[PDB]
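Asker: Chains as they are written, first to last, in the authors' numbering: chain W, 1 to 111, 114 to 264; chain B, 1 to 111, 114 to 264; chain E, 1 to 111, 114 to 264; chain Z, 1 to 111, 114 to 264. C-beta atoms are modelled at their ideal positions from N, C-alpha and C, and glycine is treated no differently. I have a structure here, written as C-alpha cells, and I will follow up with some questions on it.
There are 4 protein chains.
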Amino acid sequence: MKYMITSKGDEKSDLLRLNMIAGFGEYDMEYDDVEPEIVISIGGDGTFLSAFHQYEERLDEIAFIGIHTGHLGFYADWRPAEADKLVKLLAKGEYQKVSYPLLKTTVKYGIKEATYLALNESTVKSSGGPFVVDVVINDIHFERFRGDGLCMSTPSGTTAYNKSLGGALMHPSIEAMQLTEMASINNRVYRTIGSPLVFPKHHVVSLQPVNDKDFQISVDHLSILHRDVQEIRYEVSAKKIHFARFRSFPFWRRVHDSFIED
Amino acid sequence: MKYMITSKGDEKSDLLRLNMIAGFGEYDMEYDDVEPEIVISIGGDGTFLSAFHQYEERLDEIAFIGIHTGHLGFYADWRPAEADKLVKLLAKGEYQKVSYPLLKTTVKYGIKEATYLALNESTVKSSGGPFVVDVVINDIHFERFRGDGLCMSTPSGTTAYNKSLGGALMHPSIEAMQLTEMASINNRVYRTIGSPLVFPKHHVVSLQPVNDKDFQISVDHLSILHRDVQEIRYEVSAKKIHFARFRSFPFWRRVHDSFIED
Amino acid sequence: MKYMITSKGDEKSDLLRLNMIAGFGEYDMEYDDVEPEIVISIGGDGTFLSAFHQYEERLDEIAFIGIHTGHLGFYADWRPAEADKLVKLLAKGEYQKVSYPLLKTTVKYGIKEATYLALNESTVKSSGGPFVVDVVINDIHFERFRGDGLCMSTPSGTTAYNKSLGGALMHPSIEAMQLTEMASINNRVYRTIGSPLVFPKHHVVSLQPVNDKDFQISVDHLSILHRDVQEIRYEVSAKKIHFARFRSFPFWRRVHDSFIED
Amino acid sequence: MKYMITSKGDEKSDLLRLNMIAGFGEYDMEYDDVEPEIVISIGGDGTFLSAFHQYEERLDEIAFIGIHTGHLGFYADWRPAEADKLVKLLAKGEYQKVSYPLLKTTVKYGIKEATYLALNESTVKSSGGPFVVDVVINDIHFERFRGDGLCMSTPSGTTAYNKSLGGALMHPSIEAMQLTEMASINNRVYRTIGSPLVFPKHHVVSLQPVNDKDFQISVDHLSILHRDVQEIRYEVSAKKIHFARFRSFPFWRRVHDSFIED
Ligand SMILES: NCCN(CC#Cc1nc2c(N)ncnc2n1[C@@H]1O[C@H](CNC(=O)CC(=O)O)[C@@H](O)[C@H]1O)C[C@H]1O[C@@H](n2cnc3c(N)ncnc32)[C@H](O)[C@@H]1O
Ligand SMILES: NCCN(CC#Cc1nc2c(N)ncnc2n1[C@@H]1O[C@H](CNC(=O)CC(=O)O)[C@@H](O)[C@H]1O)C[C@H]1O[C@@H](n2cnc3c(N)ncnc32)[C@H](O)[C@@H]1O
Ligand SMILES: NCCN(CC#Cc1nc2c(N)ncnc2n1[C@@H]1O[C@H](CNC(=O)CC(=O)O)[C@@H](O)[C@H]1O)C[C@H]1O[C@@H](n2cnc3c(N)ncnc32)[C@H](O)[C@@H]1O
Ligand SMILES: NCCN(CC#Cc1nc2c(N)ncnc2n1[C@@H]1O[C@H](CNC(=O)CC(=O)O)[C@@H](O)[C@H]1O)C[C@H]1O[C@@H](n2cnc3c(N)ncnc32)[C@H](O)[C@@H]1O
Numbered sequence: 001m002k003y004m005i006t007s008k009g010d011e012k013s014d015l016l017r018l019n020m021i022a023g024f025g026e027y028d029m030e031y032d033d034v035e036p037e038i039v040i041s042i043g044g045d046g047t048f049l050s051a052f053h054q055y056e057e058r059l060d061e062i063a064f065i066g067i068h069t070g071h072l073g074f075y076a077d078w079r080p081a082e083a084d085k086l087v088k089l090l091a092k093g094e095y096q097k098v099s100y101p102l103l104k105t106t107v108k109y110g111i114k115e116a117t118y119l120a121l122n123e124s125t126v127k128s129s130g131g132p133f134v135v136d137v138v139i140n141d142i143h144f145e146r147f148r149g150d151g152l153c154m155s156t157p158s159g160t161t162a163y164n165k166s167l168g169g170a171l172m173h174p175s176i177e178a179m180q181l182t183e184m185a186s187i188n189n190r191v192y193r194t195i196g197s198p199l200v201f202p203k204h205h206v207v208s209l210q211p212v213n214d215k216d217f218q219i220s221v222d223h224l225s226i227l228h229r230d231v232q233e234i235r236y237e238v239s240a241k242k243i244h245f246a247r248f249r250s251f252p253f254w255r256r257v258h259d260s261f262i263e264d
Numbered sequence: 001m002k003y004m005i006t007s008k009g010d011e012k013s014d015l016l017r018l019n020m021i022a023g024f025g026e027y028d029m030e031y032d033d034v035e036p037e038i039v040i041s042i043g044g045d046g047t048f049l050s051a052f053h054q055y056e057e058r059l060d061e062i063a064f065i066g067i068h069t070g071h072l073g074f075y076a077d078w079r080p081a082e083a084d085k086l087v088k089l090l091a092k093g094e095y096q097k098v099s100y101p102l103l104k105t106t107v108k109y110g111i114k115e116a117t118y119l120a121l122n123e124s125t126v127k128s129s130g131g132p133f134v135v136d137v138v139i140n141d142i143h144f145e146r147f148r149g150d151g152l153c154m155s156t157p158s159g160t161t162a163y164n165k166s167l168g169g170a171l172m173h174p175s176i177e178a179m180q181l182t183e184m185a186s187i188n189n190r191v192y193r194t195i196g197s198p199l200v201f202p203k204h205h206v207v208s209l210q211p212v213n214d215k216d217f218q219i220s221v222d223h224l225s226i227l228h229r230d231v232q233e234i235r236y237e238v239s240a241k242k243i244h245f246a247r248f249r250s251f252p253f254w255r256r257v258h259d260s261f262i263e264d
Numbered sequence: 001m002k003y004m005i006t007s008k009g010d011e012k013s014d015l016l017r018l019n020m021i022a023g024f025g026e027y028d029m030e031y032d033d034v035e036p037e038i039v040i041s042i043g044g045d046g047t048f049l050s051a052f053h054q055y056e057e058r059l060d061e062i063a064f065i066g067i068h069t070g071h072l073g074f075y076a077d078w079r080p081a082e083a084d085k086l087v088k089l090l091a092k093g094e095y096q097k098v099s100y101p102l103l104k105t106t107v108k109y110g111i114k115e116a117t118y119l120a121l122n123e124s125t126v127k128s129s130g131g132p133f134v135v136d137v138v139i140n141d142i143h144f145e146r147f148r149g150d151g152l153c154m155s156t157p158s159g160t161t162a163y164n165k166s167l168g169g170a171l172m173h174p175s176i177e178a179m180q181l182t183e184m185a186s187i188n189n190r191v192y193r194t195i196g197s198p199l200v201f202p203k204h205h206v207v208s209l210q211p212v213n214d215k216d217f218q219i220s221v222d223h224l225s226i227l228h229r230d231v232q233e234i235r236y237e238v239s240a241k242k243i244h245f246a247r248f249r250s251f252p253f254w255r256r257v258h259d260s261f262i263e264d
Numbered sequence: 001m002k003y004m005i006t007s008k009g010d011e012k013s014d015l016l017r018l019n020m021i022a023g024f025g026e027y028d029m030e031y032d033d034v035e036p037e038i039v040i041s042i043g044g045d046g047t048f049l050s051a052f053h054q055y056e057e058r059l060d061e062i063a064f065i066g067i068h069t070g071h072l073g074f075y076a077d078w079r080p081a082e083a084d085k086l087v088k089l090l091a092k093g094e095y096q097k098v099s100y101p102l103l104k105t106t107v108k109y110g111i114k115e116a117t118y119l120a121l122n123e124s125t126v127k128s129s130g131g132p133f134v135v136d137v138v139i140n141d142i143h144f145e146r147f148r149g150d151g152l153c154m155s156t157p158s159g160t161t162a163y164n165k166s167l168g169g170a171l172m173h174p175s176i177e178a179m180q181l182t183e184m185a186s187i188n189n190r191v192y193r194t195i196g197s198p199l200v201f202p203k204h205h206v207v208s209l210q211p212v213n214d215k216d217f218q219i220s221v222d223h224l225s226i227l228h229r230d231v232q233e234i235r236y237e238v239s240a241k242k243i244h245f246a247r248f249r250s251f252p253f254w255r256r257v258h259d260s261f262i263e264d
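Structure representation (C-alpha cells):
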C-alpha cells in the first residue's frame, strides 16, 4: 500500500532508499509521505525516533520498519543487505504486527498544558541551578527528590538512557513505565528511594516543583526549556507503536545481540 | 469462618494471639489450623513467610493477614493496637481480597524434579567454589554468568533481597519476575548484561551448569544444597497469594513508609 | 591576629557574625578581609566553598573555620551555640592546623589556558548535544567516554557529588583525586571502565574532545561554558587548604554524623 | 641467582616451565624452591596468588614474575612467547623492582589470634544465617552492617572482587585498603554508608559480631570457617610484594588491556 522512507541522509542511506523506491515501483506500492501505511526508517535509532515523531498523530494507522546502516540499532530489524528481501516481503504483505507501549508526559503551566509522546524516555533536569521536585504517585506524596534529574522510560527505552542510570531492562509486552534517578543526594536530611521504580498502566507519577519552576524536559531526542511549570505528569500512554514483523527476532535476543555479543 | 493464627513466639506475639483467639470466640469463628480460610500471622515478615509456606498447598482457599509486632514488616497491614478492630472487621467479613504474583522454581537432576513456590525470591549460589551458569531465556542462550549468584524476585519481593542487589521495585499488579546479579565478573573475556531483567508471565528463564553441578538454592527463608543439578527453571507461577484487605494501604505508600519515613 | 567572617546572609548568620566580631573586639584581633590569617565562614557548605574561592590566592597564609547554621555542613566544625567558645579559643591561638588536598583543572583552548582550583570537585558536561571525550591517563589513551559527563573529586569532595555518582569515600590524608562517570553508555560498540578511578599525586588525566569542542565545566559551585576546548587536564594540586582545629573531630566520625545518624 | 618456577600444572605450563629451567641452566642460576630470590609463576592469577602465599614469609627477599598462559592475567607481565627473552633478561639482572601494598587481617577468638596476608582481598560472610557486624573505625563505632558480607581490598585487588562490588580502582602506589559492601540492607531501621570506603595506612577497621559469632573468612583464594570470633581487624600491612620489572607496563594500561580492549 502507501509507504514512505526516511533516511539518515548520508550517501549510503540515501542510495539504499532510492534503490528500495525503485524496487517498490515494481509492485502495487504508492509512495506517500502524507498518509503512509508503512514507514521505513534507514539509518540508526535516532533516525527511527525521528520517523516515529514525524507520524505520531497516525500511530494507529502505521507499521514501522527500521534498517540499520551503522552498527546494529535497537529498533532496526534489517541490515542493508536484506533490503531487496524486505521489499519483496512487504510488497506481498501478510506480515505480523507487534506493538510496544509508549509514555505520555503532560506539562502544566501557570496563568496551560502540553502533552508529549515518548518511545524511549522523558527526562527532567533543572534549567541551571539545583533540581528539587516532590514526587507524587497517584496523589500520594512519595519523596522529595534532590539531584541531577529523573528519567521515565518505556519498556523499549529501558535499554537506552534508563540502562545507563541503573534501571532494569523490561520486556515490552509489559505495559509499564520505569523511573530512574540521576545522581540523587542522600544524607542525614535528604532521602530518596534510590531504586528504579516500575509503574503499571493507569498509575500517574506527578513531579511538583519546590522552589525553581523552570525545567529542561527531554522527550526522546528533543529537549525543551519549560518555564513556570506547575506539574509534570507521567503515565503509560493508551497509544502504541506498531512494528511490521517478518521473522522472529525476540526482544531478549535483540538485547543479547546489542550488549553481549553479535 | 475457619481461621488460624501463627505467632513469632515471643511473649508479646503469643499474648496477642491468645487475646485475638479469645475475641474470635465471641463470633461465628472456628479455630482450624488444618483447613483455615483466614491465616493471621503475628510477628515480622519472616513469620509471615513461614505462614505462607505452611499453607502453600491451599493458597487458593486462604486469605492472609499480617500483624507486625516489631518495626513495620512489609507484608503486615496492622499494628498490635488495632487487633481488636481487626477481629471485629474480620468477623463480619465482606473485606476485599487482593492477589500478588508468585515465582515458580523448578530444579531438575540427573539419574528427577523438585518445584518450589516463592513469595519473595529464589536465589542460586555455588556450593563452595566458583559460580558459573549459562542463562537461557525461552531457549535462547543469553549469557554465561560468572559471579556470586543470581536472584529471581517476585514483585512483592522486589523490596527485599532484590532491592539490595540494585533491582527495580515493581508494583505487584504487574505479573512478572525480576532477575538480579550478585557480583558479576566483567572483563575482556567475561561479559554479563549487568542490568536487572524483568520477565513477563510465560517467559522461562533456565540456568544450566557449566562445570560444577552443585548449587545452594534459597526459596524465601529456606536454603538447600542441591547436588547433580541439570537445570534450574524460573517462571511466574499460575498460583497467587491472596490478602484480606480492610482499608486502603497502597503499595507505594507501603514502600514510602518502609524506606523514606514513617 | 587578622581575621574575617563571611556570612550566608540570612538574619541568623549575620547576627552571629556581628556577635563574634564584638567578642573578637575584646582581644588582639584585627578584622581584615584583604589579608586575613583566619577566615570564618558562617552558613552552610556553599558558604564555606565561597569563602575558600574568595581567598584561593592566599591559601598558604590562611586557616579556615566553618560554623554551620543549618543542618550540619560537612566543612563545618562548630554549631552556633559554641561560637563564644570558638572566639576565646581562637583568640589565644595554639590550635592545630590540618590540611586537605585540592584538585587542579587546566583548560586549554584554540587560537590559551585557564586554571581552576577545586575543594570539592570539577565536572565536565557537554554544551547541549552528546558528550564524547577521549580519556588519556599520563599520555596513555585509556577509553572513549560517551555519556552525560565526568566528575573529578578531591578526597573531601568524595562525600559530595562523587558520592551520588557511586564513587568511594576517601580519607583526606590520601593525596589523590577520583574520577566518576555520569551515565556512561555501554553496549557492543561503546565501552567504558564503569568503575570510579582513584589517581595519586603527579598522575595527569586529560580529556580530549572527539567531535564537539564546547563543554560546561563546573568547579565547586561555579559553572562556565568553555568554547573551542582542546584539552581539560586534571591533577592533584600542590596547593592545600588548611583548617584550624581546636578538638578532635575525625573524618570518619564526620562521615558517620552526616550519613548514618546524629 | 636462586629462583623457582610454579606451574598451573597443565601441559602447556609444565612444558614452558621445563623449557625455562633448561634455558636458566645456561646461566649462573640455581633452581631453589626453599630460598628463592626470584619466583616465576606460569599460569593465571590464581597460580600467581598461590605462589605469593607459598612464599609469604620471605616477601622481602623475593621478586615475583608472572607469565600468563591463558587470557591475560592481571599479575602477569609476560606471554609464553617471550619466555626466552625473559630468561635472558633475568639472567643478566639489573631489572627494576616495584612494590604493591598488602592487606593484614587479624582474627581474634574467645577462650587466641590468627593473622593473614592478602594480595587481592579479605572478605567476611556469615556461616549460614544473617550476617550482622558492627563496623568500628579507629575505635569509633561507624555503622551496623546487615547484608551478605564485606570485602576489604588492596590496591591491586581493586580490579578483582572489589570491582564487581562497585568499588573504585586505585593505583597501587597509594598505600590504602578499600571496604565494599555485599548487598547491604537499607530501610527505615537499618542503615549503612553504601559507598565504598578507602582507608590510609595506620587506620584500623574492626568488625565486631552482634549475634552470631561464626564467620566464613576468605583471604585471596582461601576460605576458612572461623568459630567464636570476637573481632576481625583490617589494616594496611607493613609488608609489601615486590615484582621484577623489565619494561614499562603502567598500571592504567594494564587496566585498559584487561577491561577495555587488547
Ligand atoms: N543521535 C543520538 C540520539 N539518541 C538516539 C537513540 C537511541 C537509542 N535508543 C536505544 C534503545 N531503545 N535501546 C538501546 N540503544 C538505544 N539507542 C542507542 O543509543 C545511542 C544514541 N545515543 C547517544 O549516543 C547519546 C546521545 O545522543 O546523547 C546509539 O547507540 C543508539 O543505537 C537519543 C537517545 O539517546 C539516549 N541517551 C541520551 N543520553 C544517554 C546516556 N547518557 N546513556 C545512554 N543513552 C543515552 C536516550 O535514550 C535518547 O532517547
Ligand atoms: N529472619 C529474616 C528472614 N527474612 C525474612 C524477611 C523479609 C522481608 N521481606 C521483605 C519485603 N518483601 N520487602 C521489604 N522488606 C522485607 N523483608 C525484611 O527484610 C528483613 C529480614 N531479612 C534480613 O534481615 C536478612 C536475613 O535474614 O538474611 C526484615 O527487615 C524484614 O522486614 C528472609 C528474607 O531476607 C531477605 N534477605 C536476605 N539477604 C538479604 C540481603 N542481603 N539484603 C536484603 N534482604 C535480604 C530475602 O528477601 C529473604 O526472603
Ligand atoms: N548551594 C549548594 C551548592 N553546593 C554546596 C555544597 C556542598 C557540599 N559539599 C559537601 C561535601 N564535601 N561532603 C558532603 N556534603 C557536602 N555538601 C552538601 O551538599 C548539599 C549542597 N548541594 C546541593 O544541594 C546540590 C546543588 O546545589 O546542586 C548540602 O547538603 C551541602 O551540605 C555545591 C556542591 O553541590 C554538590 N552537588 C551538585 N550536584 C550534586 C548531586 N547531584 N549530588 C550530590 N551533590 C551534588 C557538588 O559537590 C557541589 O560542589
Ligand atoms: N581460580 C580463581 C580464583 N581467583 C584467582 C584470581 C584472580 C584475579 N585477581 C585479579 C586482579 N587483581 N585484577 C583483575 N582480575 C583479577 N583476577 C581474575 O579473576 C578471575 C578469577 N576469579 C574467578 O573467576 C572467580 C572465582 O574463582 O570465584 C580470573 O579472570 C583472574 O584473572 C581468586 C580471586 O577471585 C576473585 N573473585 C571471587 N569472586 C569474585 C566475583 N564475584 N567477582 C570478581 N572476582 C571475584 C577474588 O578477587 C579472589 O581473590
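May I ask you to check if the CB of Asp150 of chain E is nearer than 7 angstroms to at least one heavy atom of ligand 3?
Answerer: Here the question's residue 150 of chain E lines up with position 148 in the third sequence. Result no, Cβ not under 7 angstroms from ligand 3.
Asker: Going along the region 183-195 of chain E in order, which residues come within less than 9 angstroms of chain Z, judged by CB to CB distance?
Answerer: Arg193, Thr194, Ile195
Asker: Would you mind sorting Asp77 of chain Z into buried or exposed? The rule is 16 or more other CB atoms within 10 Å of its CB.
Answerer: Translated into positions along the fourth sequence, residue 77 of chain Z becomes position 77. By the neighbour-count definition (other C-beta atoms within 10 Å, threshold 16), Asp77 of chain Z is a buried residue.
Asker: Establish whether the CB of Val257 of chain W and some CB of chain B are separated by less than 8 angstroms.
Answerer: Start at 1 with the first residue of the first sequence, and residue 257 of chain W comes out as number 255. Yes, its Cβ sits closer than 8 angstroms to a Cβ of chain B.
Asker: Hey, quick one: how far does the alpha helix (DSSP H) through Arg17 of chain Z stretch, first residue to last?
Answerer: For the purposes of this step, residue 17 of chain Z is taken as the residue at position 17 of the fourth sequence. Its alpha helix (DSSP H) spans residues 11-24.
Asker: Does the Cβ-Cβ distance between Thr156 of chain W and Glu123 of chain W come in under 8 angstroms?
Answerer: On the first sequence, residue 156 of chain W is found 154 positions in, with the first residue counted as 1. On the first sequence, residue 123 of chain W is found 121 positions in, with the first residue counted as 1. Yes.
Asker: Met4 of chain W: which of W:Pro36, W:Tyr27, W:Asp10 sits nearest, CA to CA?
Answerer: For the purposes of this step, residue 4 of chain W is taken as the residue at position 4 of the first sequence. Here the closest residue by C-alpha is W:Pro36.
Asker: Tell me where the alpha helix (DSSP H) around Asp259 of chain W begins and ends.
Answerer: Here residue 259 of chain W refers to the residue found at position 257 when the first sequence is read from its first residue. That run of the alpha helix (DSSP H) goes 253-261.
Asker: Given this structure, state the Cα-to-Cα distance separating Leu102 of chain B from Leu86 of chain B, to the nearest angstrom.
Answerer: Position 102 of the second sequence, counted from the first residue, corresponds to residue 102 of chain B. Position 86 of the second sequence, counted from the first residue, corresponds to residue 86 of chain B. Between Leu102 of chain B and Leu86 of chain B, the C-alpha separation is close to 26 angstroms.
Asker: For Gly23 of chain B, which residues from the same chain have a beta carbon less than 7 angstroms from its beta carbon, with the 5 sequence-adjacent residues on both sides left out?
Answerer: The residue given as residue 23 of chain B occupies position 23 in the second sequence. Closer than 7 angstroms at Cβ, skipping near neighbours: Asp84, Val87.
Asker: Please list the partners that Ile139 of chain W has in chain B, where partner means a Cβ-to-Cβ separation under 7 angstroms.
Answerer: By 1-based counting over the first sequence, the position of residue 139 of chain W is 137. In chain order: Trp254.
Asker: How many Å lie between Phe245 of chain B and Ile38 of chain B at the Cα?
Answerer: On the second sequence, residue 245 of chain B is found 243 positions in, with the first residue counted as 1. On the second sequence, residue 38 of chain B is found 38 positions in, with the first residue counted as 1. If I take the Cα positions, the gap works out to 9 angstroms.
Asker: If we cut at 8 angstroms on Cβ distances, does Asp264 of chain B have a partner in chain Z?
Answerer: Counted from its first residue, the second sequence places residue 264 of chain B at position 262. Taking Cβ atoms only, chain Z reaches closer than 8 angstroms to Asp264 of chain B, which makes this a yes.
Asker: Using the Cα positions of residue 352 of chain W and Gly151 of chain W, report the straight-line distance between them to the nearest angstrom.
Answerer: In the structure as shown, chain W starts at 1 and stops at 264, and residue 352 of chain W therefore has no counterpart that could be examined.
Asker: Would you mind giving the Cβ-Cβ distance between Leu199 of chain E and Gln180 of chain E, rounded to the nearest angstrom? I have them listed as a contact below 8 angstroms.
Answerer: Residue numbering aside, residue 199 of chain E sits at position 197 when the third sequence is read from its first letter. Residue numbering aside, residue 180 of chain E sits at position 178 when the third sequence is read from its first letter. Correct: roughly 7 angstroms between the Cβ atoms.
Asker: List, in order along the chain, the chain W residues whose C-beta lies closer than 7 angstroms to that of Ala63 of chain B?
Answerer: The residue labelled residue 63 of chain B in the question sits at position 63 within the second sequence. The premise fails here: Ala63 of chain B is roughly 22 angstroms from chain W at the closest Cβ pair, so nothing lies under 7 angstroms.
Asker: Ignoring anything shorter than 3 residues, give me the beta strand (DSSP E) runs that lie fully in the region 20-61 of chain B, in order along the chain.
Answerer: Whole beta strand (DSSP E) segments, 3+ residues: 38-43.
Asker: Let's see if you can read the secondary structure: which residues bound the beta strand (DSSP E) around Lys215 of chain W?
Answerer: Mapped onto the first sequence, residue 215 of chain W falls at position 213. Segment: none, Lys215 of chain W is in no beta strand (DSSP E) and carries neither H nor E.
Asker: When you compare the region 233-244 of chain Z with the region 56-64 of chain Z, are there three or more beta-carbon pairs, one atom per stretch, that lie closer than 8 angstroms?
Answerer: yes
Asker: Straight-line CA distance for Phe253 of chain W to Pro80 of chain W?
Answerer: As a position in the first sequence, residue 253 of chain W is number 251, starting the count at 1. As a position in the first sequence, residue 80 of chain W is number 80, starting the count at 1. Roughly 21 angstroms between the two C-alpha positions.
Asker: Using the beta-carbon of each residue, which ones in chain E are nearer than 7 angstroms to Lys165 of chain Z?
Answerer: To locate residue 165 of chain Z, count along the fourth sequence from 1; it is residue 163. By Cβ distance, chain E contributes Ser197.
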